[PDB]
């Protein structure tokens, strides 16, 4: 005498608590945060009594009920928790309940709770390591790498990292605020489009297609609410719940807005937009501030002020206070980090001994010491120590670490930078004693993607055979290759120089190692980062 068993009607099964508008280019229209997903289910009864009550069950728990008044019905209700649910329709009367077969529905949320884990095999030369050293092992993944570089989130050797940094999250602003972007074709216009209707000095997403909509492994179904980099990072967090995924704000071309944050009106708006961003995108674990640089001498020759050091310290303090409030609301731990210049000249513009009290980690950019931006003075771009031919070299890793320690920075805060790329010159000439670095160049070396820069993958693949000389400088702890016929000279990190940096980190009780940029490694560099810090293989 119980009701007939209903049949769930064919229809959409994927819903979203944070909805992405699929026909919008402005961040304010693209992202719609709701308190709950609007879910809809219909059913038909092809045999029997329709009962007197109809219920929608999610994993057995009623989400909706109403009178059963005909052979077909529809239910609209709200679901406030993300996940994949076994949904049933049940028809009930005084003599019993009859539940349909289950249909899986998706209620998407930005922690990835609706997503299958993105657990992918290691590629190229990457070998498995356990994160049991207690040291930082970090790397940058770049938003634009999914195009020409064809390097997507499913290719990250995520088990071999403690920290994954996402470069880069922009700060809204047009003329005079993001002028450095005008040097990249279409890039300034892209940010203005993303920021339409949005206040200057709030964060946004620079390339929303790459971030949210490009089909990628695990998020290829047209009705998947989140695709692109963010969708995959949510699924990666499901596979690696202890991985720290941090949005990096700034970098070389997106740092101009920081120079205006001495105005607390702008600084407050920025910090508040970061809080909203983390509440919106729950898979991120904090924020990384990559201001290049307090005091100027970044991409924009017209920016930089003596107040920048005070602004930096105030910004870190206020970001920390915001993250502590967010941590209290969610129960989660959030991290505040910053990538900083390793040059003593720039380090002494900031009181890092004060700012460290707000920060979890300082990512010391101990690379780019030399490069094709200077054709007259050549040197190791990421070396640990000075070379034998110039022991007074200003830009070395040790000089940057020592400058921080001299201010009073605790060694455990300091994460040493390694390069997964080389910088190089062409036409090097006029050098002495077989040391090409004592000469001068006529231009940049032919690069993988841009002049003067070469992926480590390509260095190991193409430039360690043939006419290329190879030398490991054991005084500086730095490899380099040189082709004398053309004068091509590339300075980079290899497994052995990374080994020296890791041993140095352990010896000086520093925080760990990090790298730029993950797509450029073939595995050798990250392998050595893990091994040198004492992570066990496996």
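Residue numbers count along the first chain shown, from 1.
Higher mean CA temperature factor, per the PDB entry, when comparing 229-237 with 119-127: 119-127. In this crystal structure, the stretch out of 466-474 and 62-70 whose C-alpha atoms carry the higher mean B factor is 466-474. Between the residues 292, 183, 223, 310, the entry's highest C-alpha temperature factor is the one at 183. The residue among 257, 170, 387, 417 whose C-alpha carries the highest B-factor in the deposited model is 387. For residue 508, the recorded CA temperature factor ranks within the highest third of the chain's modelled residues. When all modelled residues of the chain are sorted by CA temperature factor, residue 13 is found within the middle third. Ranked by Cα temperature factor within the chain, residue 338 sits in the lowest third according to the deposited record. For residue 34, the recorded CA B-factor ranks within the middle third of the chain. Only modelled residues enter the ranking. When the modelled residues of the chain are ordered by their C-alpha B factor, residue 159 lands in the middle third.
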